[PDB]
Structures are given as C-alpha cells and as structure tokens.
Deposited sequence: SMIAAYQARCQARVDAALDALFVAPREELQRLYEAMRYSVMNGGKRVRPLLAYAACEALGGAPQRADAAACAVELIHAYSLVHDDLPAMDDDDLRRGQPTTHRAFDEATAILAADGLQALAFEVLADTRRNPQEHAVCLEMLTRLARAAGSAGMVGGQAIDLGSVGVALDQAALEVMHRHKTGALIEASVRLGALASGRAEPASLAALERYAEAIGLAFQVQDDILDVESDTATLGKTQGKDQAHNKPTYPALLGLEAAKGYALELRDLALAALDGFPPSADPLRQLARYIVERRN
C-alpha cells in the first residue's frame, strides 16, 4: 500500500497552503500570528486534509480543487486541540511531546489564537479566489463545516465527553460521532463538493464511509492503548468490530472507480496499524 506516500503528499500540499495564511497584516499582530502558526504547523499528520483530497479524487476531481477544503478542516481541527489542551479542559502541558500553545505563549493568547483559527477556516471557504467553486457549492461547504464544527457537531461532542460519566457502547458512539465523527464526515463531504461532481447517492456513500472510518479509528486506538471498546466488548471482540467497521467503509465505496483507492487504503491502514 502507498497510503504513507499519499499521506505525505497531502501533508506537504496542505502545509504549504496553511503556512501562507499566518502572515500578520501589521506588526502589532505578529505574536498572535506566531501563536496561530505554532498551533497549526506542528508536524501533524493531516488526516482531515487527506480525506478532503481523497474524496475529491474519488469523484474524479483534480485534488487542487480541494485545497481550501483541506485548509479549513485542518484549521478547525487545530483550533479544537488548542482549546482542548487548556487548563479548564484537559490541562495538557504537551501535545505530541512539544509544549502546548498556552505554555509556549500564554493562556489568553492560546484562547485567542484558536478563536482566530476558527474564523480563518470560514474565511478560507468563503474566499472565492482561494476556494473557486461555484457559489452555491462554496455556501454548501460553509454550511456543512459550520454545522459540523459547532454545538451540534464537534463542540457538542466535546461537551458530551466532558459531561459523561459508565457509558454503554451506544453512548460512547454518540460521543465519538460528535467529537470526531462530525469533522471527519465534513472533511469527506467538503472534498466531494470540491470535485464539482458530487451527487446525492455518492455523497451518501461517502458519508457512510466517513462514519465507519471515524469509529474505526477510535476502536483501534483503544485496542492499541491496551470505558473503552476493549472494556465494553472484550479485547478480541473489539478487534473484530474494527474489522467490521473497515468492511463497512469499503462496502460504502463499492462501485466507485479506482480513483477511490486512497480512501480504501486509508480504511485498511486505520485497522492495520500496530
């Protein structure tokens, strides 16, 4: 599988596009823009960009069409991690072994940098030079991202995670579907929209794909860490379920052409990682 090569290509592409967004328009704003840059340019794997590019290719679009989509979903993702790391939330000093933004700078600056990243995400999609889709398509991208990022999506999931106490599998899945599923789903949907060849049946299929891989990731993460999927189902039964989720993802792409292979490969990668 060339998923590692595909991941590296999407990472490089989106990293170049993102890095160009962090130039302060005036000197008084330099430190804020530095905190924004620090919060995004942290060597992340850019899975949500990968998804946008791969969904766009799956429907036959040239990947560059999805550049704004890739940037927007990464910006949302980045802003959410900054807030998640804050003392009032997870109170993390480190993220992937490097100081969190509130430690590198200060708490007010982290809060603010991340708020500015959220606005930027929406700016990038509404900018018809950076996101040169048909207007109705740009508006649909923005609608979907705002719904996915907001209180009925990602932020909702963070609230559900914080508010939770024994969860059963159904409740764990509701939490995951909001906290990470919504934005994963939006990454796929936005890339699909960026293709210019979206239609309802393909969008629905791609939504099924995205649902399945979003959960697969969480199941396999729990397995690798060994109220978790192994605790709930048993270890070996959790491993089984990860395969079933991969299979649902692959089945959702039945009938898609070979250009959907990156999506297929990602589905396998998620459950094969050791």
Chain regions without C-alpha coordinates, deposited sequence numbering: 166-167, 229-247, 296
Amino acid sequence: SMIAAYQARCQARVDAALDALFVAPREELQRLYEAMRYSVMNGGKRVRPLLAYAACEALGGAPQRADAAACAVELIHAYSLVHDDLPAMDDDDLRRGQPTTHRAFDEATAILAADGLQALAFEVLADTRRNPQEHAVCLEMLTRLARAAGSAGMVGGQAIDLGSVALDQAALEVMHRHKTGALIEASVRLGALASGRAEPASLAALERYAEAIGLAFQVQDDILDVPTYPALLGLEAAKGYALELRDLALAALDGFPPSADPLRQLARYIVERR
From here on, numbers count along this sequence of modelled residues.
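Note that the rigid core is defined as the largest set of C-alphas that superpose within 1.5 Å between two forms.
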If you line up the core and then measure how far each C-alpha sits from this form in 5 other deposited structures of this protein, which stretch comes out higher, 230-238 or 65-73? 230-238
Could you check the entry and say whether 134-142 or 147-155 has the higher mean CA B-factor? 134-142
Between 113-121 and 87-95, which has the higher average C-alpha B-factor in the PDB entry? 87-95
Top residue by Cα temperature factor, when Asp67, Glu34, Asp225, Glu207 are compared in the entry: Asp225
Out of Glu185, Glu199, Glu74, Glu107, which residue has the highest Cα temperature factor in the PDB record? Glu199
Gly240, C-alpha B-factor rank within chain (lowest, middle or highest third): middle
By the record's CA B-factor, is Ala171 among the lowest, middle or highest third of residues in the chain? highest
Hey, what third does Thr101 fall into on Cα B-factor, ranked over its chain? lowest
Splitting the chain's C-alpha B-factors into thirds, which one does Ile270 fall into? middle
What third of the chain, by the recorded C-alpha B-factor, contains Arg48? lowest
